[PDB]
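start.txt (compact mmCIF, N, CA and C atoms) appears below.
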```txt
# COMPACT_ATOMS: atom_id res chain seq x y z
N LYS Q 890 100.65 84.35 107.59
CA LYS Q 890 100.76 85.33 106.51
C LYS Q 890 100.34 84.72 105.18
N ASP Q 891 100.73 83.47 104.93
CA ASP Q 891 100.35 82.81 103.69
C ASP Q 891 98.84 82.61 103.60
N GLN Q 892 98.19 82.31 104.72
CA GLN Q 892 96.74 82.13 104.71
C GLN Q 892 96.03 83.42 104.35
N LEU Q 893 96.47 84.54 104.93
CA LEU Q 893 95.88 85.83 104.58
C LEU Q 893 96.16 86.19 103.13
N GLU Q 894 97.37 85.88 102.65
CA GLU Q 894 97.69 86.16 101.26
C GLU Q 894 96.82 85.35 100.31
N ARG Q 895 96.56 84.08 100.64
CA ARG Q 895 95.67 83.28 99.81
C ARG Q 895 94.24 83.78 99.91
N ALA Q 896 93.84 84.28 101.08
CA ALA Q 896 92.53 84.89 101.21
C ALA Q 896 92.39 86.10 100.29
N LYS Q 897 93.44 86.91 100.19
CA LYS Q 897 93.40 88.06 99.28
C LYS Q 897 93.56 87.62 97.83
N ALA Q 898 94.11 86.43 97.59
CA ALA Q 898 94.22 85.92 96.23
C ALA Q 898 92.89 85.35 95.75
N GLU Q 899 92.07 84.85 96.68
CA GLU Q 899 90.82 84.19 96.33
C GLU Q 899 89.69 85.19 96.13
N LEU Q 900 90.04 86.44 95.84
CA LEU Q 900 89.06 87.48 95.62
C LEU Q 900 89.31 88.35 94.40
N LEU Q 901 90.51 88.31 93.82
CA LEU Q 901 90.82 89.15 92.66
C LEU Q 901 90.21 88.63 91.37
N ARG Q 902 89.65 87.42 91.38
CA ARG Q 902 89.06 86.84 90.19
C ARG Q 902 87.54 87.00 90.19
N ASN C 573 84.93 76.91 89.12
CA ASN C 573 84.89 78.36 88.97
C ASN C 573 83.50 78.91 89.29
N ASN C 574 82.75 78.17 90.09
CA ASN C 574 81.44 78.63 90.53
C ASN C 574 81.59 79.87 91.41
N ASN C 575 80.65 80.81 91.28
CA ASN C 575 80.75 82.07 92.01
C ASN C 575 80.70 81.84 93.52
N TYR C 576 79.98 80.81 93.96
CA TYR C 576 79.95 80.50 95.38
C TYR C 576 81.19 79.71 95.80
N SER C 577 81.71 78.88 94.90
CA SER C 577 82.83 77.99 95.21
C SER C 577 84.11 78.73 95.56
N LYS C 578 84.52 79.71 94.74
CA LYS C 578 85.75 80.43 95.05
C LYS C 578 85.52 81.41 96.20
N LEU C 579 84.29 81.50 96.69
CA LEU C 579 84.03 82.21 97.94
C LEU C 579 84.09 81.26 99.13
N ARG C 580 83.55 80.05 98.96
CA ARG C 580 83.65 79.03 100.00
C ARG C 580 85.10 78.68 100.29
N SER C 581 85.93 78.64 99.25
CA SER C 581 87.34 78.33 99.44
C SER C 581 88.04 79.41 100.27
N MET C 582 87.72 80.69 100.03
CA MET C 582 88.32 81.75 100.83
C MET C 582 87.77 81.74 102.25
N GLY C 583 86.50 81.37 102.41
CA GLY C 583 85.95 81.19 103.75
C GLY C 583 86.67 80.11 104.52
N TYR C 584 87.12 79.06 103.81
CA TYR C 584 87.94 78.04 104.45
C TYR C 584 89.22 78.62 105.04
N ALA C 585 89.92 79.45 104.27
CA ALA C 585 91.21 79.97 104.73
C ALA C 585 91.03 81.06 105.78
N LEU C 586 89.89 81.74 105.78
CA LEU C 586 89.74 82.88 106.68
C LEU C 586 89.44 82.48 108.15
N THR C 587 89.60 81.23 108.58
CA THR C 587 89.36 80.83 109.96
C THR C 587 90.54 80.12 110.61
N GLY C 588 91.32 79.36 109.84
CA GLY C 588 92.51 78.74 110.39
C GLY C 588 93.52 79.78 110.87
N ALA C 589 93.57 80.92 110.19
CA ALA C 589 94.44 82.00 110.63
C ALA C 589 94.04 82.49 112.02
N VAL C 590 92.74 82.67 112.25
CA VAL C 590 92.27 83.11 113.57
C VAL C 590 92.59 82.06 114.62
N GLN C 591 92.33 80.79 114.31
CA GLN C 591 92.59 79.73 115.28
C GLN C 591 94.07 79.67 115.66
N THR C 592 94.95 79.68 114.65
CA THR C 592 96.38 79.61 114.92
C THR C 592 96.88 80.85 115.65
N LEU C 593 96.33 82.02 115.31
CA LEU C 593 96.71 83.24 116.01
C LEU C 593 96.34 83.16 117.49
N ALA C 594 95.15 82.64 117.79
CA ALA C 594 94.76 82.45 119.19
C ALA C 594 95.71 81.49 119.89
N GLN C 595 96.07 80.39 119.22
CA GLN C 595 96.96 79.41 119.84
C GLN C 595 98.33 80.02 120.15
N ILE C 596 98.89 80.77 119.19
CA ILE C 596 100.20 81.37 119.41
C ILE C 596 100.14 82.43 120.51
N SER C 597 99.04 83.19 120.56
CA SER C 597 98.89 84.18 121.63
C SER C 597 98.87 83.50 123.00
N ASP C 598 98.13 82.39 123.11
CA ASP C 598 98.09 81.67 124.38
C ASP C 598 99.47 81.13 124.75
N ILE C 599 100.19 80.58 123.78
CA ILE C 599 101.53 80.05 124.06
C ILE C 599 102.45 81.16 124.57
N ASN C 600 102.44 82.32 123.90
CA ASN C 600 103.30 83.41 124.32
C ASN C 600 102.95 83.90 125.72
N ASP C 601 101.65 84.06 126.00
CA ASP C 601 101.25 84.53 127.32
C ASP C 601 101.65 83.55 128.42
N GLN C 602 101.46 82.25 128.17
CA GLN C 602 101.83 81.26 129.17
C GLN C 602 103.33 81.24 129.41
N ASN C 603 104.12 81.36 128.33
CA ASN C 603 105.57 81.39 128.50
C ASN C 603 106.01 82.61 129.31
N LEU C 604 105.43 83.77 129.03
CA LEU C 604 105.77 84.97 129.80
C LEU C 604 105.42 84.80 131.27
N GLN C 605 104.24 84.24 131.56
CA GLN C 605 103.84 84.05 132.95
C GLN C 605 104.78 83.09 133.67
N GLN C 606 105.16 81.99 133.00
CA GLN C 606 106.08 81.04 133.62
C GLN C 606 107.43 81.68 133.90
N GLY C 607 107.93 82.49 132.96
CA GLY C 607 109.19 83.18 133.20
C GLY C 607 109.12 84.12 134.39
N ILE C 608 108.02 84.88 134.50
CA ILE C 608 107.86 85.79 135.62
C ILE C 608 107.83 85.02 136.94
N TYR C 609 107.10 83.90 136.97
CA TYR C 609 107.01 83.12 138.20
C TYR C 609 108.37 82.55 138.60
N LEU C 610 109.13 82.04 137.64
CA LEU C 610 110.46 81.53 137.96
C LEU C 610 111.36 82.63 138.51
N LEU C 611 111.31 83.81 137.88
CA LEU C 611 112.12 84.93 138.36
C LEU C 611 111.75 85.32 139.78
N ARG C 612 110.45 85.41 140.08
CA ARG C 612 110.05 85.82 141.43
C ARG C 612 110.43 84.77 142.47
N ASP C 613 110.33 83.49 142.11
CA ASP C 613 110.72 82.44 143.06
C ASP C 613 112.20 82.53 143.39
N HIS C 614 113.04 82.67 142.36
CA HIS C 614 114.47 82.78 142.60
C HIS C 614 114.80 84.04 143.40
N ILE C 615 114.11 85.15 143.11
CA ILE C 615 114.36 86.39 143.82
C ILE C 615 114.01 86.25 145.29
N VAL C 616 112.88 85.61 145.61
CA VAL C 616 112.51 85.42 147.01
C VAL C 616 113.53 84.55 147.72
N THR C 617 113.97 83.47 147.07
CA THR C 617 114.95 82.59 147.69
C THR C 617 116.25 83.33 147.98
N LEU C 618 116.71 84.16 147.04
CA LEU C 618 117.91 84.95 147.29
C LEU C 618 117.67 86.02 148.36
N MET C 619 116.45 86.55 148.43
CA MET C 619 116.16 87.66 149.33
C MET C 619 116.12 87.24 150.79
N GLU C 620 115.66 86.02 151.08
CA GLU C 620 115.58 85.58 152.47
C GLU C 620 116.94 85.50 153.15
N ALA C 621 117.94 84.94 152.46
CA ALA C 621 119.23 84.66 153.07
C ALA C 621 119.96 85.92 153.49
N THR C 622 119.92 86.97 152.66
CA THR C 622 120.61 88.21 153.02
C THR C 622 119.96 88.87 154.24
N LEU C 623 118.64 88.79 154.35
CA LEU C 623 117.96 89.31 155.53
C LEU C 623 118.41 88.57 156.78
N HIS C 624 118.45 87.24 156.71
CA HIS C 624 118.88 86.46 157.87
C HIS C 624 120.33 86.78 158.25
N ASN Z 573 76.14 98.09 93.52
CA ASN Z 573 75.20 97.42 94.41
C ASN Z 573 75.01 95.96 94.02
N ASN Z 574 76.00 95.40 93.34
CA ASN Z 574 75.96 93.99 92.98
C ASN Z 574 76.00 93.13 94.24
N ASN Z 575 75.26 92.02 94.22
CA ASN Z 575 75.17 91.17 95.40
C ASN Z 575 76.52 90.59 95.79
N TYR Z 576 77.39 90.35 94.81
CA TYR Z 576 78.73 89.86 95.12
C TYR Z 576 79.64 91.01 95.54
N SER Z 577 79.43 92.20 94.98
CA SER Z 577 80.30 93.34 95.21
C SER Z 577 80.30 93.82 96.66
N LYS Z 578 79.12 94.01 97.26
CA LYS Z 578 79.11 94.46 98.65
C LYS Z 578 79.47 93.32 99.60
N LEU Z 579 79.69 92.13 99.06
CA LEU Z 579 80.29 91.05 99.84
C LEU Z 579 81.80 91.04 99.69
N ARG Z 580 82.29 91.29 98.47
CA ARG Z 580 83.73 91.41 98.25
C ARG Z 580 84.31 92.56 99.05
N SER Z 581 83.57 93.66 99.16
CA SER Z 581 84.05 94.80 99.93
C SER Z 581 84.20 94.45 101.41
N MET Z 582 83.25 93.70 101.97
CA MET Z 582 83.36 93.29 103.37
C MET Z 582 84.48 92.27 103.55
N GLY Z 583 84.68 91.41 102.55
CA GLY Z 583 85.82 90.51 102.58
C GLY Z 583 87.14 91.25 102.61
N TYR Z 584 87.19 92.40 101.93
CA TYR Z 584 88.39 93.25 102.01
C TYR Z 584 88.67 93.69 103.44
N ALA Z 585 87.65 94.15 104.16
CA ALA Z 585 87.86 94.68 105.50
C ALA Z 585 88.10 93.57 106.51
N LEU Z 586 87.59 92.38 106.24
CA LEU Z 586 87.66 91.32 107.25
C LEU Z 586 89.07 90.65 107.34
N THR Z 587 90.14 91.20 106.77
CA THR Z 587 91.47 90.61 106.88
C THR Z 587 92.53 91.58 107.40
N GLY Z 588 92.41 92.87 107.10
CA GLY Z 588 93.34 93.84 107.66
C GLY Z 588 93.25 93.90 109.17
N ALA Z 589 92.05 93.68 109.71
CA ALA Z 589 91.90 93.63 111.16
C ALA Z 589 92.72 92.49 111.75
N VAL Z 590 92.67 91.31 111.14
CA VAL Z 590 93.45 90.18 111.63
C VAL Z 590 94.94 90.47 111.53
N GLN Z 591 95.37 91.03 110.40
CA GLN Z 591 96.79 91.32 110.22
C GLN Z 591 97.29 92.31 111.26
N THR Z 592 96.55 93.41 111.45
CA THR Z 592 96.96 94.42 112.42
C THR Z 592 96.91 93.88 113.84
N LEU Z 593 95.91 93.05 114.15
CA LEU Z 593 95.84 92.44 115.48
C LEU Z 593 97.06 91.57 115.75
N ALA Z 594 97.48 90.78 114.75
CA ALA Z 594 98.69 89.98 114.91
C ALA Z 594 99.91 90.86 115.13
N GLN Z 595 100.01 91.96 114.37
CA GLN Z 595 101.16 92.84 114.52
C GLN Z 595 101.21 93.46 115.92
N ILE Z 596 100.07 93.94 116.42
CA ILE Z 596 100.04 94.55 117.74
C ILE Z 596 100.35 93.52 118.82
N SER Z 597 99.84 92.29 118.66
CA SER Z 597 100.15 91.24 119.62
C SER Z 597 101.65 90.96 119.67
N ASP Z 598 102.29 90.88 118.50
CA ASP Z 598 103.73 90.66 118.48
C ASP Z 598 104.48 91.81 119.14
N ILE Z 599 104.07 93.05 118.86
CA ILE Z 599 104.74 94.20 119.47
C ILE Z 599 104.63 94.14 120.99
N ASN Z 600 103.43 93.86 121.50
CA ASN Z 600 103.24 93.81 122.95
C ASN Z 600 104.08 92.71 123.58
N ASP Z 601 104.09 91.52 122.96
CA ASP Z 601 104.86 90.41 123.52
C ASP Z 601 106.35 90.73 123.54
N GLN Z 602 106.86 91.31 122.46
CA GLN Z 602 108.28 91.65 122.40
C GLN Z 602 108.64 92.70 123.45
N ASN Z 603 107.77 93.71 123.62
CA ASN Z 603 108.04 94.73 124.63
C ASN Z 603 108.07 94.12 126.03
N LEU Z 604 107.13 93.23 126.33
CA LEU Z 604 107.12 92.58 127.64
C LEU Z 604 108.38 91.77 127.86
N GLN Z 605 108.81 91.01 126.85
CA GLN Z 605 110.01 90.20 126.99
C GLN Z 605 111.24 91.08 127.21
N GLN Z 606 111.35 92.18 126.48
CA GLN Z 606 112.49 93.08 126.66
C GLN Z 606 112.50 93.68 128.06
N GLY Z 607 111.33 94.08 128.56
CA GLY Z 607 111.27 94.60 129.92
C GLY Z 607 111.71 93.58 130.96
N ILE Z 608 111.25 92.33 130.80
CA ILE Z 608 111.64 91.28 131.74
C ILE Z 608 113.15 91.06 131.70
N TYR Z 609 113.73 91.04 130.50
CA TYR Z 609 115.17 90.82 130.38
C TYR Z 609 115.96 91.95 131.02
N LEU Z 610 115.54 93.20 130.80
CA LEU Z 610 116.23 94.32 131.43
C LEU Z 610 116.15 94.23 132.95
N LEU Z 611 114.97 93.89 133.47
CA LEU Z 611 114.82 93.77 134.92
C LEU Z 611 115.72 92.68 135.48
N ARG Z 612 115.78 91.52 134.82
CA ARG Z 612 116.61 90.44 135.36
C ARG Z 612 118.09 90.79 135.29
N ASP Z 613 118.52 91.48 134.23
CA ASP Z 613 119.92 91.88 134.13
C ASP Z 613 120.30 92.82 135.27
N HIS Z 614 119.46 93.84 135.50
CA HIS Z 614 119.75 94.77 136.59
C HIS Z 614 119.73 94.07 137.94
N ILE Z 615 118.79 93.13 138.13
CA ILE Z 615 118.70 92.42 139.40
C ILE Z 615 119.95 91.59 139.64
N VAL Z 616 120.45 90.90 138.61
CA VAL Z 616 121.67 90.10 138.77
C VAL Z 616 122.85 91.00 139.11
N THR Z 617 122.97 92.14 138.42
CA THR Z 617 124.08 93.05 138.69
C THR Z 617 124.04 93.55 140.13
N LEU Z 618 122.85 93.90 140.62
CA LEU Z 618 122.73 94.33 142.02
C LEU Z 618 122.98 93.17 142.98
N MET Z 619 122.61 91.95 142.59
CA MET Z 619 122.69 90.81 143.48
C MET Z 619 124.12 90.35 143.73
N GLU Z 620 125.00 90.47 142.73
CA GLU Z 620 126.38 90.02 142.91
C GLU Z 620 127.13 90.81 143.99
N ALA Z 621 126.98 92.13 143.98
CA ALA Z 621 127.77 93.00 144.85
C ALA Z 621 127.48 92.76 146.33
N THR Z 622 126.21 92.58 146.69
CA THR Z 622 125.88 92.35 148.09
C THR Z 622 126.43 91.01 148.58
N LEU Z 623 126.43 89.99 147.72
CA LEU Z 623 127.03 88.72 148.09
C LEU Z 623 128.52 88.88 148.35
N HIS Z 624 129.22 89.59 147.46
CA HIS Z 624 130.65 89.79 147.65
C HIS Z 624 130.93 90.58 148.94
```
Representation of the structure as structure tokens:
Amino acid sequence: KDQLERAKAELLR
Amino acid sequence: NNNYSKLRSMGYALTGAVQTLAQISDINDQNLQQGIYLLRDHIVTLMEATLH
Amino acid sequence: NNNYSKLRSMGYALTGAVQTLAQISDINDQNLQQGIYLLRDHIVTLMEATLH
């Protein structure tokens, strides 16, 4: 879950 | 903050999840199969004696 | 039609599939385990009486 959350974090910028 | 760099970093994270998911799926399937086999072996052993 | 934009959009879709696949895998594994447990409980209950 943390990996997917970081994947979604690495796109909002 | 290179436009390719913060994409390469997300590409890094977007594959370990798949690998770990496959590993956990295999572990669960193998555990279920082993449990079923143990149950059937014990059931057969109990089933023979009552017939005899 | 930005070169990064139609890539960001595909990056959006390429993770919900993994999440939902994990969820469905967990649901299936839990259902199988519950079925096995119910079967073994009923089998034990039936097995005691014939021995007695």
Can you check which residues of chain C have any atom within 9 Å of chain Q? Use only C-alpha atoms and format it as a list in words.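 Applying the cut-off to the listed atoms yields residues 578, 579, 581, 582, 583, 584, 585, 586, 588 and 589 of chain C.
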Could you list, as a PyMOL selection string, every residue within 12 Å of range 606-614 of chain C, counting only C-alpha atoms and ignoring same-chain residues fewer than 2 positions away? (chain C and resi 599-604+616-621) or (chain Z and resi 604-605+607-609+611-613+615-616+619)
Produce a file of the selected residues containing N, CA and C atoms, as a PDB file, keeping the file's coordinate frame.
```pdb
ATOM      1  N   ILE C 599     100.190  80.580 123.780  1.00  0.00           N
ATOM      2  CA  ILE C 599     101.530  80.050 124.060  1.00  0.00           C
ATOM      3  C   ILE C 599     102.450  81.160 124.570  1.00  0.00           C
ATOM      4  N   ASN C 600     102.440  82.320 123.900  1.00  0.00           N
ATOM      5  CA  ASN C 600     103.300  83.410 124.320  1.00  0.00           C
ATOM      6  C   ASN C 600     102.950  83.900 125.720  1.00  0.00           C
ATOM      7  N   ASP C 601     101.650  84.060 126.000  1.00  0.00           N
ATOM      8  CA  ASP C 601     101.250  84.530 127.320  1.00  0.00           C
ATOM      9  C   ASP C 601     101.650  83.550 128.420  1.00  0.00           C
ATOM     10  N   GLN C 602     101.460  82.250 128.170  1.00  0.00           N
ATOM     11  CA  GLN C 602     101.830  81.260 129.170  1.00  0.00           C
ATOM     12  C   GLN C 602     103.330  81.240 129.410  1.00  0.00           C
ATOM     13  N   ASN C 603     104.120  81.360 128.330  1.00  0.00           N
ATOM     14  CA  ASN C 603     105.570  81.390 128.500  1.00  0.00           C
ATOM     15  C   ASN C 603     106.010  82.610 129.310  1.00  0.00           C
ATOM     16  N   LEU C 604     105.430  83.770 129.030  1.00  0.00           N
ATOM     17  CA  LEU C 604     105.770  84.970 129.800  1.00  0.00           C
ATOM     18  C   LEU C 604     105.420  84.800 131.270  1.00  0.00           C
ATOM     19  N   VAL C 616     112.880  85.610 145.610  1.00  0.00           N
ATOM     20  CA  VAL C 616     112.510  85.420 147.010  1.00  0.00           C
ATOM     21  C   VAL C 616     113.530  84.550 147.720  1.00  0.00           C
ATOM     22  N   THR C 617     113.970  83.470 147.070  1.00  0.00           N
ATOM     23  CA  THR C 617     114.950  82.590 147.690  1.00  0.00           C
ATOM     24  C   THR C 617     116.250  83.330 147.980  1.00  0.00           C
ATOM     25  N   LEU C 618     116.710  84.160 147.040  1.00  0.00           N
ATOM     26  CA  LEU C 618     117.910  84.950 147.290  1.00  0.00           C
ATOM     27  C   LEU C 618     117.670  86.020 148.360  1.00  0.00           C
ATOM     28  N   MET C 619     116.450  86.550 148.430  1.00  0.00           N
ATOM     29  CA  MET C 619     116.160  87.660 149.330  1.00  0.00           C
ATOM     30  C   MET C 619     116.120  87.240 150.790  1.00  0.00           C
ATOM     31  N   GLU C 620     115.660  86.020 151.080  1.00  0.00           N
ATOM     32  CA  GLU C 620     115.580  85.580 152.470  1.00  0.00           C
ATOM     33  C   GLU C 620     116.940  85.500 153.150  1.00  0.00           C
ATOM     34  N   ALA C 621     117.940  84.940 152.460  1.00  0.00           N
ATOM     35  CA  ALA C 621     119.230  84.660 153.070  1.00  0.00           C
ATOM     36  C   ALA C 621     119.960  85.920 153.490  1.00  0.00           C
TER      37      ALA C 621
ATOM     38  N   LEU Z 604     107.130  93.230 126.330  1.00  0.00           N
ATOM     39  CA  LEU Z 604     107.120  92.580 127.640  1.00  0.00           C
ATOM     40  C   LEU Z 604     108.380  91.770 127.860  1.00  0.00           C
ATOM     41  N   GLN Z 605     108.810  91.010 126.850  1.00  0.00           N
ATOM     42  CA  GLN Z 605     110.010  90.200 126.990  1.00  0.00           C
ATOM     43  C   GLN Z 605     111.240  91.080 127.210  1.00  0.00           C
ATOM     44  N   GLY Z 607     111.330  94.080 128.560  1.00  0.00           N
ATOM     45  CA  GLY Z 607     111.270  94.600 129.920  1.00  0.00           C
ATOM     46  C   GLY Z 607     111.710  93.580 130.960  1.00  0.00           C
ATOM     47  N   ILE Z 608     111.250  92.330 130.800  1.00  0.00           N
ATOM     48  CA  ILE Z 608     111.640  91.280 131.740  1.00  0.00           C
ATOM     49  C   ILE Z 608     113.150  91.060 131.700  1.00  0.00           C
ATOM     50  N   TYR Z 609     113.730  91.040 130.500  1.00  0.00           N
ATOM     51  CA  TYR Z 609     115.170  90.820 130.380  1.00  0.00           C
ATOM     52  C   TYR Z 609     115.960  91.950 131.020  1.00  0.00           C
ATOM     53  N   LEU Z 611     114.970  93.890 133.470  1.00  0.00           N
ATOM     54  CA  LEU Z 611     114.820  93.770 134.920  1.00  0.00           C
ATOM     55  C   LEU Z 611     115.720  92.680 135.480  1.00  0.00           C
ATOM     56  N   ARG Z 612     115.780  91.520 134.820  1.00  0.00           N
ATOM     57  CA  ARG Z 612     116.610  90.440 135.360  1.00  0.00           C
ATOM     58  C   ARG Z 612     118.090  90.790 135.290  1.00  0.00           C
ATOM     59  N   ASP Z 613     118.520  91.480 134.230  1.00  0.00           N
ATOM     60  CA  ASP Z 613     119.920  91.880 134.130  1.00  0.00           C
ATOM     61  C   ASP Z 613     120.300  92.820 135.270  1.00  0.00           C
ATOM     62  N   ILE Z 615     118.790  93.130 138.130  1.00  0.00           N
ATOM     63  CA  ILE Z 615     118.700  92.420 139.400  1.00  0.00           C
ATOM     64  C   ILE Z 615     119.950  91.590 139.640  1.00  0.00           C
ATOM     65  N   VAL Z 616     120.450  90.900 138.610  1.00  0.00           N
ATOM     66  CA  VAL Z 616     121.670  90.100 138.770  1.00  0.00           C
ATOM     67  C   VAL Z 616     122.850  91.000 139.110  1.00  0.00           C
ATOM     68  N   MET Z 619     122.610  91.950 142.590  1.00  0.00           N
ATOM     69  CA  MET Z 619     122.690  90.810 143.480  1.00  0.00           C
ATOM     70  C   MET Z 619     124.120  90.350 143.730  1.00  0.00           C
TER      71      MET Z 619
END
```
By how many Å are atom C of residue 596 in chain C and CA of residue 580 in chain Z apart? 29.1 Å
For a test of reading the model, state the distance in Å between CA of residue 594 in chain C and CA of residue 597 in chain Z, rounded to one decimal.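 We find that CA of residue 594 in chain C and CA of residue 597 in chain Z lie 10.3 Å from each other.
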For the atom pair CA of residue 590 in chain Z and CA of residue 576 in chain Z, what is the interatomic distance in Å to one decimal place? 22.1 Å
Will you give me chain Q, written with C-alpha atoms and laid out as a tab-separated table (two decimals), in the first residue's frame?
```tsv
chain	number	residue	atom	x	y	z
Q	890	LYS	CA	0.00	0.00	0.00
Q	891	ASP	CA	2.84	2.40	0.81
Q	892	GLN	CA	4.47	1.74	-2.57
Q	893	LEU	CA	1.25	2.57	-4.43
Q	894	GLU	CA	0.78	5.66	-2.25
Q	895	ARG	CA	4.29	6.85	-3.09
Q	896	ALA	CA	3.57	6.14	-6.76
Q	897	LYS	CA	0.54	8.43	-6.51
Q	898	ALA	CA	2.66	10.97	-4.63
Q	899	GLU	CA	5.33	11.01	-7.35
Q	900	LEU	CA	2.85	12.45	-9.84
Q	901	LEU	CA	1.08	15.40	-8.16
Q	902	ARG	CA	4.10	17.67	-8.75
```
